Trainee: 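My questions will all concern the structure given below.
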Amino acid sequence: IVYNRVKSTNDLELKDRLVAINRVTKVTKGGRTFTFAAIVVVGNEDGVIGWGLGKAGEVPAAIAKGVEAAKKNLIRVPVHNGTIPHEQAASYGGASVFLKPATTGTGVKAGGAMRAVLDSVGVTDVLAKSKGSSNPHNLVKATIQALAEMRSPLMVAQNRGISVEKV
Amino acid sequence: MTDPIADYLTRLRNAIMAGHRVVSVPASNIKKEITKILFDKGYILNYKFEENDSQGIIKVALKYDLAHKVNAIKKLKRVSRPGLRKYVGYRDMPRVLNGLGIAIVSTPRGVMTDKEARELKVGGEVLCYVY
Amino acid sequence: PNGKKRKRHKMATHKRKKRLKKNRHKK
Amino acid sequence: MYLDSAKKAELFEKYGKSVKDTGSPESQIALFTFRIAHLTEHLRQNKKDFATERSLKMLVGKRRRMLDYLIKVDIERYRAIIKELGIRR
RNA sequence: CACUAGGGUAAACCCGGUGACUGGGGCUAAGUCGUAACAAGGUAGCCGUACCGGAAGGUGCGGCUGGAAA
RNA sequence: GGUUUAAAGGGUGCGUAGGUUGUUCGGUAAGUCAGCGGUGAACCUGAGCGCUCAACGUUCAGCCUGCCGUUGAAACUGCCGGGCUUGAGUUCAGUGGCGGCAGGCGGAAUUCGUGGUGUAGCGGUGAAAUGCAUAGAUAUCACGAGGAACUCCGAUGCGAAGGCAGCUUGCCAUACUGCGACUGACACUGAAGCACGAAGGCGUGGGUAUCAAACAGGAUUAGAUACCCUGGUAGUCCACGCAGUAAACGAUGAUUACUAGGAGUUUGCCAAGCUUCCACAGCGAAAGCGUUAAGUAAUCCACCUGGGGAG
RNA sequence: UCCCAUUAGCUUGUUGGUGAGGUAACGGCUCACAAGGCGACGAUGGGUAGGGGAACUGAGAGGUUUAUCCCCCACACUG
Ligand SMILES: [K+]
Ligand SMILES: [K+]
Ligand SMILES: [Mg+2]
Ligand SMILES: [Mg+2]
Ligand SMILES: [Mg+2]
Ligand SMILES: [Mg+2]
Ligand SMILES: [Mg+2]
Ligand SMILES: [Mg+2]
Ligand SMILES: [Mg+2]
Ligand code: NA
């Protein structure tokens, strides 16, 4: 279902953004074991966007592993100009997101994980709402799947078999 | 049976989700009009009306994109249910998927889509959303 | 299915029934 | 309910056109009333047959719904049938 | 001479207060007596009902698994 | 927005008001749609103008997107009249059952009494004691009496639910399948209300064998108002009448239609109608559900809104 | 055009008629046959409040209040 993309050696414009840092714990007989998990979103300011989770014992190592995983896992999103073709709602775990296209001079009306995802994908005119949990993993995944479920008018006409649906 | 139109939409939706190619529905005049609208707008591959001793059968052949293995129809939603009827004027006609979908609406000029309803300046009962 | 939830209700029922049995036969 | 095919045929011949009309509202109402009376007679002896009760009540409900259909369709037929059966009480 | 505001009378109702004495509850510490539940918590646990005990509780009858072991 | 497990499905039905209503033809115009007309200071929105700017003041264009009146339209809902058979019901046939109520009959086991044989213990526990026994127990044989429960079959099946199991009969009820029969939408749900509703408990009268709350005794313990042992009264049984509760549970309301595979299983002919376990899509926070959904949809009812106080 | 059903029945000029009187005016408004009227589409009773445009607030739906401003109503120590 996802468009997917090979390692973008040519499309090396992938800027990496950090969503959240967490210090998870594991218990053993000796004591407690501490690690670090980072959520990293790589984007080329175009429909290409990837997400990754990097786990390590140190923050730079976790961020690097997240960058690597995000680079490995890439998809393409059908974005026209700085907006989205239509509205779209998505759910992933306890997180629910809703995106609506806005006017050209509106900016991005979102904050946090959704704002990071939208910046990485290169959408600059959208109203975004979160109606579920604020979990970073689920918010990032729900926003990405909302973007992936979109369809431009050309694709709509293509799978409908017609040319102009009075658009 | 409580809502034959919702049942028709549900049959189509379940056939699409299961991946079937042909779905058979009991026939009705409004259902025949809806099937004609769907064929005209290009959501279904073909249809056929069979007049047996019963009320009849509508046989619908669905349209699949061989390029992507994706049906032409994504969402079918019933709007005006028996428990809550919805009527709109031509000025407040809904727009589905920002104009990329259709809204089948019954008007005094007949059963049509929101686009021609707006063009002819007639309102009525919003049957369903398709995209 | 913790158990403490039902333990609290069991305690409350015990107290209420003890109150009633003590109040019986007195007018 | 001492009910058999001969009694059912006699009832259908008495109420409703022809003896083969087992499905007429009048025929059904007559059959329901007959077995209602017989079940009442059975219950007065077997006062603890709570299963024969509520079967009696379901029969009463069926008869009431048929009478309501007769109201909605043809009132004169309802007057005639309740007069001929002595139902209202 | 009727009509009536207002006055007196009685009742009964409603709304409030106070009262010898006599009961629960919440919160804080921790004095005293035990160990009921959480592991098969050392008698599997719990639900309903009845009787009985300084208290957690115990026992009878039916039910449930939101129980091991088998 | 929710209700298997976080708060949240009524114990289960029948049913009043109400809500919803298969298909088709013809009317009507209540809902619905459209046109025209009337009506609806200041403030608030684009453009100006004046306050030296600005608040502000003021003018004009853009809102009137409610209400009322009057003309048309007839797709849908409503109302009226007619038609159809698929839903629903009636009939006929086949098959099936721990389904209900009532009357009869039976054997194993247990308890008590009487008689015969026989004498040093029996019973019980982790170990004991209480207890019963030379004024004759336990054990064994026969006679007599009474109450309660139905081994094997036996894990499935039936019922609205609670529940239903020795055999037999009578009287009822009902499910499923088909009909070349009949009626012709007569349907679904259902606040009130009514009926039924395990065990325990209450009243009156019978009965009272086993077991056994309370109670009494003997043990174990620092104590033991318990767990163990020996007794033992209500109760457990029947008839009638109250009461109306449960972890009354699938912790999952009732209808309707649709949507994959495997493995078993009951019934009348491959196939329904069931009854059980893995498991696609999908759903879910997860455990998990998955054609008997917790999936996809429509109708109606019940219920939830942090914990305690507090049912 | 607000809450309470831990408020379910209320009503005897009360519902209608004939006539008369009275009023600026119709009318049980008042005065001399029939038994009707209102009620789970919430009567009756109890509690609370002047009502709108404004104003504020929110994407909207909506929510809060009517301090100053405008309109309507009620009142002038208590009857
Ligand atoms: K049960
Ligand atoms: K219809
Ligand atoms: Mg207790
Ligand atoms: Mg303990
Ligand atoms: Mg214990
Ligand atoms: Mg005791
Ligand atoms: Mg719960
Ligand atoms: Mg239930
Ligand atoms: Mg419950
Ligand atoms: Na008794």
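Reminder, nothing fancy here: chain letters follow the sequence lines and each chain counts from 1. Just so it is clear, the values below take in all heavy atoms, side chains as well, and ignore hydrogens, waters and symmetry mates.
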Trainee: What's the base orientation of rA272(F): syn (chi within 90° of 0) or anti?
Mentor: syn

Trainee: Could I get the full list of side-chain contact (heavy atoms from CB on, under 4.5 Å) partners for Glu125(B), not counting sequence neighbours?
Mentor: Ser80(B), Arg85(B), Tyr87(B)

Trainee: How close do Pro108(B) and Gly123(B) get, counting heavy atoms only, and between which atoms?
Mentor: CD-O, 3.3 Å

Trainee: Taking the side chain of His20(B) as heavy atoms from C-beta outward, which of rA37(E), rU174(F), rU259(F) is closest to it?
Mentor: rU259(F)

Trainee: In whole Å, measure the gap between the P atoms of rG124(F) and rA212(F) for me.
Mentor: 14 Å

Trainee: Do both conditions hold for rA17(F) and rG18(F), namely six-membered ring centres separated by less than 5.5 Å and ring planes inclined at less than 30°?
Mentor: yes

Trainee: Using the P atom as the point on both nucleotides, what is the distance between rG162(F) and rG99(F), in whole Å?
Mentor: 15 Å

Trainee: Would you please name every residue forming a ring pair (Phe, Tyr, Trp, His ring centres under 6.0 Å) with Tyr47(B), sequence neighbours left out?
Mentor: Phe39(B), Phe49(B)

Trainee: For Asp4(D) and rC171(F), what is the distance between atoms CG and P respectively, to the nearest whole Å?
Mentor: 13 Å

Trainee: Of the candidate nucleotides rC182(F), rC240(F), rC92(F), which contains the atom at the shortest distance from the side chain of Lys8(D)?
Mentor: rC92(F)

Trainee: Can a donor-acceptor pair under 3.5 Å be found between the side-chain atoms of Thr2(B) and the base atoms of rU299(F)?
Mentor: no

Trainee: Counting distance alone, no hydrogens or angles: does the base of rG45(E) have a donor or acceptor under 3.5 Å from a partner atom on the side chain of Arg6(C)?
Mentor: no

Trainee: Do side-chain atoms of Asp3(B) reach the backbone of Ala6(B) as a donor and acceptor pair under 3.5 angstrom?
Mentor: yes

Trainee: Syn or anti for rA148(F), please, going by whether the chi angle lies within 90° of 0.
Mentor: anti

Trainee: Using the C1' atom on both, measure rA198(F) against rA246(F) and round to a whole Å.
Mentor: 8 Å

Trainee: Does the structure show a Watson-Crick or G-U wobble partner for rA285(F), both distances under 3.5 Å? Name it, or say none.
Mentor: none

Trainee: What is the base-pairing partner of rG232(F), counting Watson-Crick and G-U wobble geometry with both distances under 3.5 Å?
Mentor: none

Trainee: Would you kindly give the NZ-to-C1' distance between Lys4(C) and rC38(E), to the nearest whole Å?
Mentor: 9 Å

Trainee: Among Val121(A), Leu74(A), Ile75(A), which one satisfies side chain to side chain contact (heavy atoms under 4.5 Å, CB included) with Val48(A)?
Mentor: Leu74(A)

Trainee: Can you tell me if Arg118(B) has over 12 outside heavy atoms packed within less than 6.0 Å of its CZ?
Mentor: yes

Trainee: For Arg11(B), is there an ion pair with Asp7(B) - N to carboxylate O distance below 4.0 angstrom?
Mentor: yes

Trainee: When you compare the protein's N or O atoms with those of nucleotides 26-34 of chain F, which come within less than 3.5 Å of each other, and at what distance?
Mentor:
from    : atom 1 : to        : atom 2 : distance (Å)
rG31(F) : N2     : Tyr87(B)  : OH     : 3.2
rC33(F) : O3'    : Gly123(B) : N      : 3.4
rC33(F) : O2'    : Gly123(B) : N      : 3.1
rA34(F) : OP1    : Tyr90(B)  : N      : 3.1

Trainee: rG28(G): syn or anti, with syn meaning chi within 90° of zero?
Mentor: syn

Trainee: Looking across every strand, which nucleic acid part, if any, lies under 4.0 Å from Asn29(B) by heavy atom: base, sugar-phosphate, or nothing?
Mentor: sugar-phosphate

Trainee: Going by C1'-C2'-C3'-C4' alone, is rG57(E) a north or a south sugar?
Mentor: north

Trainee: Could you tell me the separation between the NZ atom of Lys17(C) and the P atom of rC52(E), rounded to a whole number of Å?
Mentor: 14 Å

Trainee: Once you round it to whole Å, what is the distance between P of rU86(F) and CE of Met1(B)?
Mentor: 17 Å

Trainee: Is there a Watson-Crick or G-U wobble partner for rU16(F) with both distances under 3.5 Å, and if so, which one is it?
Mentor: none

Trainee: Dot-bracket notation for RNA chain E is requested: 5' to 3', Watson-Crick or G-U wobble pairs only, both distances under 3.5 Å, with ( ), [ ], | and . as defined.
Mentor: ...........................................(((((((((....)))))))))|....

Trainee: Measure CG/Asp68(D) against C1'/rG184(F) and give the value in whole Å, please.
Mentor: 17 Å

Trainee: Please name the nucleotide paired to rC101(F) by Watson-Crick or G-U wobble geometry with both distances under 3.5 Å, or report none.
Mentor: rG170(F)

Trainee: Is there a Watson-Crick or G-U wobble pair linking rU291(F) and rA129(F), both distances under 3.5 Å?
Mentor: no

Trainee: Tell me whether the side-chain N or O atoms of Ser24(D) pair up with the base of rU183(F) as donor and acceptor below 3.5 Å, since no angle test is needed here.
Mentor: no

Trainee: Within 45 degrees of the ring normal and closer than 6.0 Å to the centroid, is that where the cationic atom of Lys131(A) sits relative to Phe98(A)?
Mentor: yes

Trainee: Partner of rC227(F) by Watson-Crick or G-U wobble geometry, both contacts under 3.5 Å, or none?
Mentor: none

Trainee: For residues 160-167 of chain A, please give each side-chain donor-acceptor pair under 3.5 Å, one per line with the distance, not counting sequence neighbours.
Mentor:
from      : atom 1 : to        : atom 2 : distance (Å)
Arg160(A) : NE     : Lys41(B)  : O      : 3.4
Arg160(A) : NH1    : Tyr43(B)  : OH     : 3.1
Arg160(A) : NH1    : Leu100(B) : O      : 3.2
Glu165(A) : OE2    : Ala157(A) : N      : 3.3

Trainee: Taking the six-membered rings only, are the centres of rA133(F) and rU134(F) under 5.5 Å apart with their planes within less than 30° of each other?
Mentor: no

Trainee: Looking only at side-chain N and O atoms, does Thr35(B) offer a donor or acceptor that is under 3.5 Å from a partner on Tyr8(B)?
Mentor: yes

Trainee: Do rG290(F) and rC182(F) form a Watson-Crick or G-U wobble pair, with both donor-acceptor distances under 3.5 Å?
Mentor: no

Trainee: Is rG58(E) stacked on its strand neighbour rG57(E) by the under 5.5 Å, under 30° ring test?
Mentor: yes

Trainee: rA298(F), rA257(F), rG241(F): which one has an atom nearest the side-chain heavy atoms of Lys48(D)?
Mentor: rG241(F)

Trainee: Test if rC31(G) is paired with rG19(G), treating Watson-Crick and G-U wobble as valid and requiring both distances under 3.5 Å.
Mentor: yes

Trainee: For residues 24-31 of chain B, tabulate all N or O donor-acceptor pairs below 3.5 Å that involve a side-chain atom, not counting sequence neighbours.
Mentor:
from     : atom 1 : to       : atom 2 : distance (Å)
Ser24(B) : OG     : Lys59(B) : NZ     : 3.0
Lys31(B) : NZ     : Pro26(B) : O      : 2.7

Trainee: For the side chain of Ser55(D) and the base of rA173(F), is some donor closer than 3.5 Å to an acceptor across the two?
Mentor: no

Trainee: When the P atoms of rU49(E) and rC21(E) are compared, how many Å lie between them, rounded to an integer?
Mentor: 38 Å

Trainee: In this structure, are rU43(E) and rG42(E) stacked, using the six-membered base rings with centres under 5.5 Å and planes under 30°?
Mentor: no

Trainee: Can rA54(F) be described as syn, meaning its chi torsion is within 90° of 0, or is it anti?
Mentor: anti

Trainee: With both distances under 3.5 Å required, do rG205(F) and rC79(F) pair Watson-Crick or G-U wobble?
Mentor: no

Trainee: Check whether the six-membered base rings of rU5(F) and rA6(F) have centres under 5.5 Å apart and planes under 30 degrees from each other.
Mentor: no

Trainee: Is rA35(G) paired to anything, Watson-Crick or G-U wobble with both distances less than 3.5 Å, and if yes, which nucleotide?
Mentor: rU14(G)

Trainee: Measure CG/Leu84(B) against P/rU21(F) and give the value in whole Å, please.
Mentor: 12 Å

Trainee: Going by a 90° cut-off around 0, is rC61(E) syn or anti?
Mentor: anti

Trainee: Ignoring hydrogens and angles, are the base of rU259(F) and the side chain of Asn14(B) linked by a donor-acceptor pair under 3.5 Å?
Mentor: no

Trainee: Distance criterion of 3.5 Å, no angle test: do you see the side chain of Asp49(D) paired donor-to-acceptor with the base of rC101(F)?
Mentor: no

Trainee: Across all strands, who's sitting opposite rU245(F) as a Watson-Crick or G-U wobble pair, both distances under 3.5 Å?
Mentor: none

Trainee: Taking the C1' atom in each of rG39(G) and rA5(G), what is the distance between them to the nearest angstrom?
Mentor: 14 Å

Trainee: So which nucleotide does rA142(F) pair with, by the Watson-Crick or G-U wobble rule with both distances under 3.5 Å?
Mentor: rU114(F)

